[PDB]
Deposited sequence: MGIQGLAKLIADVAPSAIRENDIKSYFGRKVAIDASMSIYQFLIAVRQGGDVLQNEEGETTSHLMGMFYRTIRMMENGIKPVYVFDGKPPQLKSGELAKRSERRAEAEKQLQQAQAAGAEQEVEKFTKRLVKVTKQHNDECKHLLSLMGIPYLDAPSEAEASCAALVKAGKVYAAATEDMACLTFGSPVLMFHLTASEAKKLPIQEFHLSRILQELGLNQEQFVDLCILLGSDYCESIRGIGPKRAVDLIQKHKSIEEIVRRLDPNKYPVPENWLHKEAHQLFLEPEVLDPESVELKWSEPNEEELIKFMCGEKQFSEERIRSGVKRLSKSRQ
């Protein structure tokens, strides 16, 4: 994500962070990064050193995680759309089996040209969902107006939901969106390096004073704060500001009734889940729809 950004916001713009009750999200739609979440399931849902799996050794940890997490959100009246990345390893088989499961649950999903986080942001911008619920601060860096942070952790711990508001962030820092991108690069982004010596304090000052990365190097003393060689900040700046994304007007998001017999055939027949648990999950899914 962005190295330090949540702590920085809590340190300098805490009013951009709202603590809200899970009950106030009832009826809201939220975009969720399927690629990221599959990966977390592959790491966490383990037994005796291995993922869960059927008799033939096919992994089911991603399905276990995605089935019950999705039911849990719907039971809270939060209607999710999952976004799959575009251009422990998450395979194509993981993706396709999670997509199959979600159709069978009646849960929508979209495929993203490139970065799921950015395309999640594009759904928020366009008003197609209320927020992105992801664990990546870079959603804010991609321009997303609202980001629900640690939704599942808060749900389990019966804790209030941290909700980051990009507009209040810019207002407290005195920064436009373009200038906020450059800050996040200085903090440390996935795309390129950060200047050694320049931490969260020094980064905010220079951005507020000078307003752009290229300006910074000119005013910076090269001897004291040398930038790394062939620094790709220009390209990273371009990846955040104008990312390849899907069209949020393009696909209608619809939430359908779950296809129980096909879910039994697939989760129980093939993947060898317990039939009682799958029916019990479906029943809660039906009740959630109301």
| item | value |
| --- | --- |
| Stretches with no C-alpha position, numbering per deposited sequence from 1 | 1, 89-130 |
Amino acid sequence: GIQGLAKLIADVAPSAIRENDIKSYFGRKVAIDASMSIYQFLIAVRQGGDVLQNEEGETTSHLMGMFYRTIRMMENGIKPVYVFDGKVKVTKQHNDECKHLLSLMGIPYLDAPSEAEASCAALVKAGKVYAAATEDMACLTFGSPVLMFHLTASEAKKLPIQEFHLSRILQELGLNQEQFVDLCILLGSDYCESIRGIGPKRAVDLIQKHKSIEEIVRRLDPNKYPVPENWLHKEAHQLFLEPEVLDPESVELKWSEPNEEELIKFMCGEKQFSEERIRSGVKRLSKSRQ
From here on, numbers count along this sequence of modelled residues.
query: Mean C-alpha temperature factor, higher of 219-227 and 34-42; finding: 219-227
query: Mean Cα B-factor comparison, 43-51 or 231-239, giving the higher one as deposited; finding: 231-239
query: Residue, from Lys158, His165, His100, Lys128, that the PDB entry assigns the highest Cα B-factor; finding: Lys158
query: Top Cα B factor in the deposited entry, candidates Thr152, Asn95, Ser194, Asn76; finding: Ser194
query: Where the record places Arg277 (Cα B-factor, split into thirds across the chain); finding: lowest
query: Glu262, C-alpha B-factor rank within chain (lowest, middle or highest third); finding: lowest
query: Where the record places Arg18 (Cα B-factor, split into thirds across the chain); finding: middle
query: Third of chain Cα B-factors occupied by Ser250; finding: highest
query: For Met105, the third of its chain into which the C-alpha B factor falls; finding: lowest
